[PDB]
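Read the structure below first, then the notes.
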Amino acid sequence: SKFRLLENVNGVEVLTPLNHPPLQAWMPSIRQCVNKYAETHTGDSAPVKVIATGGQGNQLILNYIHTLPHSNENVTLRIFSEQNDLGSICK
């Protein structure tokens with residue numbers, strides 16, 4: 001259950017399990033998703049981290065984790081490589 005840091009995106013740690021396969025190809029999508037998620041989650045409600053997994057086919061799982069007082073905002077989201085609804089999937 002140890003994570004490696006793919007990237008810090010505007011204060012949000014984008015993490016993946018230590019030995020998870022490579023995800024670099026998803027980074028532009030992940031960055032857009034984090035950008036859009038920040039639009040509805042600011043200040044104390046900003047997520048601490050997002051765990052990225054999957055992505056070996058056309059689907060990536062992003063788990064946004066908040067501080068404990070804001071853990072009711074934690075979400076698992078699924079994004080596709082081809083589809084382009086990041087503005088509405090990532091709120």
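As shown in the structure tokens, the chain order sets the letters A, B, ...; within each chain, residues go from 1, and ligands are also counted from 1 in the order they appear.
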Original post:
Could you pull the residues within 9 Å of residue A:30, counting only C-alpha atoms, minus those fewer than 3 positions along the same chain, as a PyMOL selection string?
Top reply: chain A and resi 14+26-27+33-35+52+62+79
Subject >> Per-residue DSSP, chain A, filtered to alpha helix (DSSP H), as an MDAnalysis selection string >> reply: chainID A and resid 27:39 86:89
Subject >> Between atom CA of residue A:13 and atom CA of residue A:63, distance in Å (one decimal) >> reply: 11.4 Å
Extract the full set of strand (DSSP E or B) residues from chain A according to DSSP on the backbone, and format it as a compact mmCIF listing (two decimals) with N, CA and C atoms, in the first residue's frame.
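Wrote states_16.txt, looks like this:
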# COMPACT_ATOMS: atom_id res chain seq x y z
N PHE A 3 2.81 4.22 -2.15
CA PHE A 3 2.55 4.96 -3.37
C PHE A 3 3.78 5.70 -3.84
N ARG A 4 3.95 5.79 -5.16
CA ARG A 4 4.95 6.66 -5.76
C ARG A 4 4.25 7.87 -6.35
N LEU A 5 4.96 9.00 -6.37
CA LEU A 5 4.40 10.28 -6.81
C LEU A 5 4.61 10.45 -8.31
N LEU A 6 3.52 10.35 -9.08
CA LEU A 6 3.59 10.66 -10.50
C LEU A 6 3.86 12.13 -10.74
N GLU A 7 3.19 13.00 -10.00
CA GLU A 7 3.34 14.43 -10.19
C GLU A 7 2.57 15.13 -9.09
N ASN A 8 3.09 16.26 -8.63
CA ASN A 8 2.30 17.17 -7.83
C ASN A 8 1.65 18.17 -8.78
N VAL A 9 0.32 18.14 -8.84
CA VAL A 9 -0.43 19.00 -9.75
C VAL A 9 -1.15 20.04 -8.90
N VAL A 12 -2.00 19.02 -5.41
CA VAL A 12 -2.62 17.70 -5.30
C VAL A 12 -1.56 16.68 -5.68
N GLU A 13 -1.28 15.74 -4.78
CA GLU A 13 -0.34 14.67 -5.08
C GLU A 13 -1.04 13.66 -5.97
N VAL A 14 -0.54 13.46 -7.18
CA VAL A 14 -1.03 12.39 -8.04
C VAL A 14 -0.15 11.18 -7.78
N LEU A 15 -0.74 10.15 -7.20
CA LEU A 15 -0.03 8.98 -6.71
C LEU A 15 -0.51 7.73 -7.43
N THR A 16 0.36 6.72 -7.48
CA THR A 16 -0.03 5.41 -7.97
C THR A 16 0.69 4.38 -7.12
N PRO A 17 0.15 3.17 -6.96
CA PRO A 17 0.88 2.16 -6.20
C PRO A 17 2.29 1.97 -6.74
N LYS A 49 -4.86 14.34 -2.37
CA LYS A 49 -4.20 13.46 -3.31
C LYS A 49 -5.25 12.85 -4.20
N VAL A 50 -4.77 12.33 -5.32
CA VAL A 50 -5.57 11.55 -6.24
C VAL A 50 -4.77 10.31 -6.59
N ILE A 51 -5.38 9.15 -6.40
CA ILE A 51 -4.73 7.88 -6.69
C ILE A 51 -5.18 7.44 -8.07
N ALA A 52 -4.23 7.26 -8.97
CA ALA A 52 -4.49 6.85 -10.34
C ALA A 52 -4.12 5.38 -10.51
N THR A 53 -5.07 4.58 -11.01
CA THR A 53 -4.83 3.17 -11.28
C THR A 53 -5.54 2.75 -12.55
N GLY A 54 -5.17 1.58 -13.05
CA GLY A 54 -5.75 1.09 -14.30
C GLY A 54 -5.01 1.67 -15.48
N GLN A 59 -9.49 2.90 -20.00
CA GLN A 59 -10.15 3.42 -18.81
C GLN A 59 -9.14 3.59 -17.68
N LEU A 60 -9.20 4.75 -17.03
CA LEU A 60 -8.38 5.07 -15.87
C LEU A 60 -9.28 5.37 -14.68
N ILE A 61 -8.88 4.88 -13.50
CA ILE A 61 -9.58 5.16 -12.25
C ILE A 61 -8.82 6.25 -11.51
N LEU A 62 -9.53 7.29 -11.08
CA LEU A 62 -8.95 8.33 -10.23
C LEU A 62 -9.73 8.39 -8.93
N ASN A 63 -9.03 8.24 -7.82
CA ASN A 63 -9.65 8.30 -6.50
C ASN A 63 -9.17 9.58 -5.81
N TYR A 64 -10.06 10.55 -5.69
CA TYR A 64 -9.76 11.81 -5.02
C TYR A 64 -9.96 11.65 -3.52
N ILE A 65 -8.92 11.94 -2.76
CA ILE A 65 -8.94 11.81 -1.31
C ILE A 65 -8.82 13.20 -0.70
N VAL A 75 -14.15 10.76 -3.85
CA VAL A 75 -14.83 10.15 -4.98
C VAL A 75 -13.88 9.29 -5.79
N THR A 76 -14.44 8.21 -6.32
CA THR A 76 -13.83 7.44 -7.39
C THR A 76 -14.45 7.87 -8.70
N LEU A 77 -13.61 8.28 -9.65
CA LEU A 77 -14.05 8.68 -10.98
C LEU A 77 -13.38 7.77 -12.00
N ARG A 78 -14.02 7.61 -13.15
CA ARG A 78 -13.49 6.82 -14.24
C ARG A 78 -13.44 7.69 -15.48
N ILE A 79 -12.28 7.75 -16.12
CA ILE A 79 -12.15 8.52 -17.34
C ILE A 79 -11.68 7.61 -18.46
N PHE A 80 -12.07 7.95 -19.68
CA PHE A 80 -11.72 7.18 -20.86
C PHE A 80 -10.69 7.93 -21.68
**OP:** Could you tell me which of A:89, A:68, A:23, A:18 comes closest to residue A:46 if we count only C-alpha atoms?
**Re:** A:68
Original post:
Between A:91, A:20, A:31, A:70, which has the minimum distance to residue A:44 (counting only C-alpha atoms)?
Top reply: A:70
Original post:
Could you work out how far atom CA of residue A:55 lies from atom CA of residue A:22, giving the answer in Å with one decimal?
Top reply: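 A separation of 8.6 Å between them.
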Subject >> Point-to-point distance from atom CA of residue A:11 to atom CA of residue A:72, Å rounded to tenths >> reply: 19.9 Å
**OP:** Identify which of the residues A:37, A:32, A:19, A:82 lies closest to residue A:58, counting only C-alpha atoms when measuring atom-to-atom distances.
**Re:**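 Answer, going by the shortest atom-to-atom distance: A:82.
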